[PDB]
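Here is the structure we will look at, set down as structure tokens.
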Amino acid sequence: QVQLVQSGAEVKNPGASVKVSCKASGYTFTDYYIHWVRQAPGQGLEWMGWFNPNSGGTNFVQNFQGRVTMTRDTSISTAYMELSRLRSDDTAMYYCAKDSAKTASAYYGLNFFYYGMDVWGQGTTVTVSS
Amino acid sequence: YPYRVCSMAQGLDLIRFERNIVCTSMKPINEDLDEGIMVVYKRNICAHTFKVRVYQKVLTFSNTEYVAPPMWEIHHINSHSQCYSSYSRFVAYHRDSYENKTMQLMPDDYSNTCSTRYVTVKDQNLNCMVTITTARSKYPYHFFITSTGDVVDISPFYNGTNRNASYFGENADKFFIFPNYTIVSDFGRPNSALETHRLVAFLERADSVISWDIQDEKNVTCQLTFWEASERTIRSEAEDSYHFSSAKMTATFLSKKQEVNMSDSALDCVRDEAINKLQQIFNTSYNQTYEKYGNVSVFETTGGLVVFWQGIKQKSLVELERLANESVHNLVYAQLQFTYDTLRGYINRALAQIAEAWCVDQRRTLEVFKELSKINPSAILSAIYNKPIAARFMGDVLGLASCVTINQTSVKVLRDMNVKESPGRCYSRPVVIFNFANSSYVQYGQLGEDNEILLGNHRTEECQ
Amino acid sequence: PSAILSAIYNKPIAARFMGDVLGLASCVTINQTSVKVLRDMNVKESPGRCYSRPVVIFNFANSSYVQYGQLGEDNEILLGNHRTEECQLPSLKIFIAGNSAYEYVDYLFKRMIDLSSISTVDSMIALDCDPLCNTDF
Amino acid sequence: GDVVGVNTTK
Amino acid sequence: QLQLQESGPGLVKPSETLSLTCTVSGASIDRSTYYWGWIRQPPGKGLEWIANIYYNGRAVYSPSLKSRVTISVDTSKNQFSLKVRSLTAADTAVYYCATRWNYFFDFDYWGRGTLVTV
Amino acid sequence: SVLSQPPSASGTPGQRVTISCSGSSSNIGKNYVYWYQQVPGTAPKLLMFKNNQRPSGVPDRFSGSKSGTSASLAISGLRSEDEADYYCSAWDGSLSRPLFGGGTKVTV
Amino acid sequence: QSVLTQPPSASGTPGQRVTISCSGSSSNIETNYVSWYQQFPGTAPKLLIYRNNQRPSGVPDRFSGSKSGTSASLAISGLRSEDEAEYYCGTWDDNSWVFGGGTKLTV
Ligand SMILES: *[C@@H]1O[C@H](CO)[C@@H](O[C@@H]2O[C@H](CO)[C@@H](O[C@@H]3O[C@H](CO)[C@@H](O)[C@H](O)[C@@H]3O)[C@H](O)[C@H]2NC(C)=O)[C@H](O)[C@H]1NC(C)=O
Ligand SMILES: *[C@@H]1O[C@H](CO)[C@@H](O[C@@H]2O[C@H](CO)[C@@H](O)[C@H](O)[C@H]2NC(C)=O)[C@H](O)[C@H]1NC(C)=O
Ligand SMILES: *[C@@H]1O[C@H](CO)[C@@H](O[C@@H]2O[C@H](CO)[C@@H](O)[C@H](O)[C@H]2NC(C)=O)[C@H](O)[C@H]1NC(C)=O
Ligand SMILES: *[C@@H]1O[C@H](CO)[C@@H](O)[C@H](O)[C@H]1NC(C)=O
Ligand SMILES: *[C@@H]1O[C@H](CO)[C@@H](O)[C@H](O)[C@H]1NC(C)=O
Ligand SMILES: *[C@@H]1O[C@H](CO)[C@@H](O)[C@H](O)[C@H]1NC(C)=O
Ligand SMILES: *[C@@H]1O[C@H](CO)[C@@H](O)[C@H](O)[C@H]1NC(C)=O
Ligand SMILES: *[C@@H]1O[C@H](CO)[C@@H](O)[C@H](O)[C@H]1NC(C)=O
């Protein structure tokens, strides 16, 4: 089945960087856009941004635009999101999700559009404390 | 419509009718439609055409054996525009000769705008001949067919270092690529301006040597052909669809709301052109009264078209009036703008419905064209494409034909349309005597329509 | 009449010409895997006459008696008097059934033809490709 | 001799 | 995509014959493939070309190894084989199957080295 | 722009409960509304895609509806596993962004 | 066979220009085209220069081939840590192929 696996719990210090991994299975990793979503403990979902595994394209909210580095490995079919400049409010659960939007058509590469995050990752708990 | 003889391209240029007109009526009467400029490109189906050279020697004993000149003789032809007076396999010469002298190539005046030909002995025995002619290759460019009908299983873009991204299927021992090869501009000139070509490829056929200049695919081939630009385009947005309509067009386009990456390599040969076309339409039509809304968005239509879109929004009525020339006055202008926008949206919705009204009529006329193309395919295809097109009926397909212009003054129409060879049968159209260009053998054909000359089995009927 | 009525009503309709009227016809689906197209379109029973469209062997559903009809358009199988014409050699016809096209050269089956090798007429866009030029031959 | 047809839906 | 994989034995006695076979994938050994050759490389030393064979069986051997090396081709199975005879400890080497694929190139496509220990 | 939905909902087994989601002229006004479940301590799960279509493995209890710039999810039969957080999401074209709702906690 | 003479090792600092020679003979390296292969330890050789002074697509401009009479040369400009490899000069002698001794390079 289509499945996404995410790294385990991580504890850091304010000012560090966390590289969360997202491994794809059961589907072609580079054929669908990846969403990165966050939820604070006891708070609703917050959409961090989107990543294109086929071209490396990435867009994030202004709160994460300058602090998120996106890398990929198609051989491992694994994406990596590195969040730098950690703060006390960055402790949260991070999810990687698969969109129904494809990264390319039969002839041309396609731009991002939202068609629903049908498949979700297991989540990763990132704790930040002094 | 000059007097011409149109012959079918060996069964190669096939075309057929298909029910490819699909009508989908938009349901919502939503009236906040976008306005903008649109340019539409179509996928390029036409074959890439490139010039090739065909080197041959001719042995006559009328059997007319054709043979491949030796590669050193090919180099002589390409460098000096000269050919040696002998061929060896044991040895043969021009009639009653033994000289093995060099010979200067001269134009064959019997040759046309295709297969321009050069010979050493103008005898229209042994002769040496060089034909320069077209060749076509369709995507994927893994083989090409020359106008003389020879098929070569080599990519026209295989440059000797990219067989992973190209194809080579001919005999390896008979293929030779030459960097910086020097060829003369005109073989028929005693002294011509030599020209260097980056990579020239040669292939030794059985009866020929075929040469072509290898070029860069991405630099010479473009998979998108510009169809048409619409200046007044309206667009209605659904939950997962953009629907484009134009008042001057009878066709509406439908696409998903996801856009195409404009920085994609497949758009490299049309990006700047399309962008400048959009910019030109703005400058000449909307620079003063409108403003650009958003950037250029590229969409892929459900039918396969590629759309470059520039949204435009008209300036406020205050600005329009100032170009043509307090809170309560701001409210008055806000009410004027609201009224104007409401009625303009009503107009745009009406225009979109009018544009959608054409689809059923176009589909039914397509079926009419398909039915009529069995009787006169040339006339129907000429009406569709708005250009003189000759076609032949081939069952469920049509074959495109190419027309050779004849003398135009040798056309003599016979006075007696009765078939003398068979009493009771009469010709449907009058018989014509005509002559081909630079030729004298009188030919007998039948008069067609639009000055066309028909050949083959004459159309006959009962003498009613 | 069938093509015209299908265009008018926007649905597959079979009709027959009956002078000043048309008769609507009803279609029976056949096996769909028993359709064998004959290779020789020349009328062996009468030299000089050739079939207009290729002859088909087919079988009705739940049935085994082989039937001989003629291939029509839109996968239709024709029955009755076969359409014939004069064998105007040279000949080169291409007949489409299913996702496949059959070349007949001189009223004899030559080869299969990929449908992708045949362009479709586009009336909305109407962009044409130039054919191979001729050289007074 | 014969050659074999191919299915279609509509 | 000229995949090229060797199928040689890892351990061989210092006697009789070493048989190596190279299989082609993604293409075929046909009239448009130039030559298909074998190269040895003793561990820690330089390369050494052994022999070439064409699609029609026309083969050329190195002057030193011509007597002790046979080469054959099987276009039906898209393979070609080296047989090395009268083996010695000095025949211990990595063996690479290689070929000429592009026109300008000489040895552009290499296989995966089969270490043979004699 | 934001998506507004009630913070919590309540009911009893066999009852019907409805979650509402409000948008704007953009987002819900012109786009589909995707409904995600989330059981506490687990990852979110897509309940409803497009307006009212539903994936495999989702019970028929959950019926989605769209009207203007508003959406609703009706849970009928409200079983003991239906207590969870429910989020509505929509594509905002003005922001060019997926927008989530505030989340409605069905407690049953 | 007539093995082409080639230095057994060469070295340079990062950013330095390194030269690798290949002597050969008039009948082998002066007439036929010279190719250069770059092989990293434990991996099959990779074509680096195919003709006398022509680079395959994707071989950096840092590498240049040349010929002078019989002596062929490779030069690596702006040497990098990932240039530590064995470079082999190879060409035909008489309907037969011969490689060089292989210059192992150390940065
Ligand atoms: C007529 O005269 C010409 C020269 O005046 C003769 O041409 C020569 O033909 C020989 C072969 O018969 C060519 O040798 C070839 O050389 C190439 C390399 O250039 C090599 O690849 C071939 O295998 C072959 O050895 C020779 O080059 C050529 N002379 C030139 C090009 O100047 C021709 O043979 C004479 N023919 C008769 C019937 O007397
Ligand atoms: C559209 O395609 C272009 C390339 O054609 C993508 O540009 C890449 O963007 C990533 C992320 O910034 C860079 O790391 C790459 O170097 C870029 N490639 C090139 C060739 O410039 C662009 O991101 C694509 N857009 C989307 C939305 O996927
Ligand atoms: C032969 O053709 C190939 C393409 O098939 C050329 O490779 C391209 O070269 C240009 C210029 O260096 C690069 O920008 C492209 O990225 C290359 N593409 C590929 C797919 O290799 C090659 O340069 C050509 N060779 C010669 C000698 O002209
Ligand atoms: C062809 O000419 C160009 C320009 O002089 C040159 O760079 C190139 O090296 C030449 N070809 C070969 C194979 O050397
Ligand atoms: C239109 O005008 C703009 C500047 O306003 C210019 O950049 C663009 O090139 C022009 N387009 C033309 C002249 O086609
Ligand atoms: C249009 O392009 C500009 C850069 O030229 C960019 O800043 C802007 O955000 C783009 N438009 C939209 C709607 O994002
Ligand atoms: C065309 O016909 C005219 C009139 O007969 C004749 O004078 C002329 O030479 C012809 N041109 C050719 C055959 O090229
Ligand atoms: C249809 O034809 C196939 C293939 O000949 C045959 O196996 C099958 O039984 C037929 N079905 C009928 C006659 O109902």
Side-chain angles (χ1 to χ4, degrees), chain B residues 37 39 55 57 59 67-95 97-104 120 125-128 159-162 173-183 194-202 204 209 213-216 226 229 231 270-293 295-296 308 310 312 315, chain E residues 102-106, chain G residues 31-36 47 49-57 59 61 63-67 72 95:
Chain B
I37 312 162
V39 309
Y55 313 89
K57 314 192 79 150
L59 290 72
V67 302
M71 285 301 299
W72 54 265
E73 198 178 297
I74 304 299
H75 288 66
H76 293 313
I77 294 171
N78 295 331
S79 306
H80 310 123
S81 71
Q82 303 211 0
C83 177
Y84 278 83
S85 183
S86 187
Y87 182 65
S88 179
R89 290 198 281 197
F90 173 79
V91 64
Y93 303 99
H94 304 175
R95 195 193 301 159
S97 188
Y98 296 93
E99 295 279 23
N100 195 28
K101 65 180 185 176
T102 182
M103 293 288 296
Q104 182 57 53
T120 53
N125 190 39
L126 179 80
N127 202 350
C128 178
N159 60 11
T161 62
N162 62 349
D173 196 22
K174 290 176 166 64
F175 181 74
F176 311 108
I177 302 171
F178 292 115
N180 295 304
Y181 201 67
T182 324
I183 319 180
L194 72 172
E195 180 174 359
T196 302
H197 307 245
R198 182 173 66 67
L199 282 184
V200 182
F202 295 75
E204 299 189 74
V209 177
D213 187 7
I214 310 170
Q215 301 187 1
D216 188 5
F226 172 70
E231 307 82 1
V270 289
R271 185 177 304 113
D272 292 0
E273 181 189 2
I275 290 182
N276 291 306
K277 199 116 49 182
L278 292 171
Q279 281 171 0
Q280 183 181 359
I281 298 172
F282 192 72
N283 300 358
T284 66
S285 302
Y286 307 110
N287 190 64
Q288 292 183 349
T289 296
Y290 292 65
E291 299 195 325
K292 289 180 178 178
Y293 180 58
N295 297 303
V296 176
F308 296 75
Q310 180 62 64
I312 64 183
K315 287 177 181 172
Chain E
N102 290 276
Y103 176 81
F104 289 143
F105 298 165
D106 285 323
Chain G
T31 53
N32 304 291
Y33 293 105
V34 179
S35 59
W36 290 86
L47 181 55
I49 312 291
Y50 61 102
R51 272 178 180 248
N52 308 126
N53 43 67
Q54 295 292 298
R55 286 176 289 240
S57 307
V59 177
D61 190 34
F63 303 91
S64 62
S66 68
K67 278 176 57 180
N95 302 330

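Both counts, for ligands and for their atoms, begin at 1 and track the order of listing. Computed from heavy atoms alone, side chains included, the values below leave out hydrogens, waters and symmetry copies. By convention in this document, chain letters (A, B, ...) are assigned in the order of the sequence lines, proteins followed by strands, and residues within each chain are numbered from 1.
Closest protein heavy atom to atom 13 (C) of ligand 4: B/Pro179 CB, 3.6 Å. Ranking the protein heavy atoms by distance from atom 38 (C) of ligand 1 puts B/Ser86 OG, 3.3 Å first. Considering only non-hydrogen protein atoms, atom 6 (C) of ligand 4 sits nearest to B/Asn180 ND2, 4.2 Å. Scanning the protein for heavy atoms near atom 29 (N) of ligand 1, the closest one is B/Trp72 CE3, 4.7 Å. With respect to atom 37 (C) of ligand 1, the closest heavy atom belonging to the protein is B/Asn100 ND2, 3.2 Å.
In this structure, atom 4 (C) of ligand 5 has no protein heavy-atom contact shorter than 4.0 Å. Atom 7 (O) of ligand 1 lies below 4.0 Å from at least one non-hydrogen atom of the protein. Distance remark: protein heavy atom present below 4.0 angstrom from atom 9 (O) of ligand 4.
Every N/O-N/O distance between B/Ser88 and ligand 1 stays at or above 3.5 Å. For a threshold of 3.5 Å applied to N or O pairs, the pair formed by B/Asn287 and ligand 5 contains no separation below that value.
At least one heavy atom of G/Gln54 sits under 4.0 Å from some atom of ligand 4.
Note: B/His197 and B/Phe178 fail the aromatic proximity criterion, with ring centroids not under 6.0 Å apart.
With a 4.0 Å heavy-atom cut-off, ligand 1 is reached by the side chain of B/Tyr84 but not by its N, CA, C or O. Using a 4.0 Å cut-off between heavy atoms, B/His76 contacts ligand 1 through its side chain alone, with no backbone atom that close.
Close approach of ligand 5 to B/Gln280 is summarised as follows: ligand atoms under 4.0 Å from at least one heavy atom of the residue are 14 (O).
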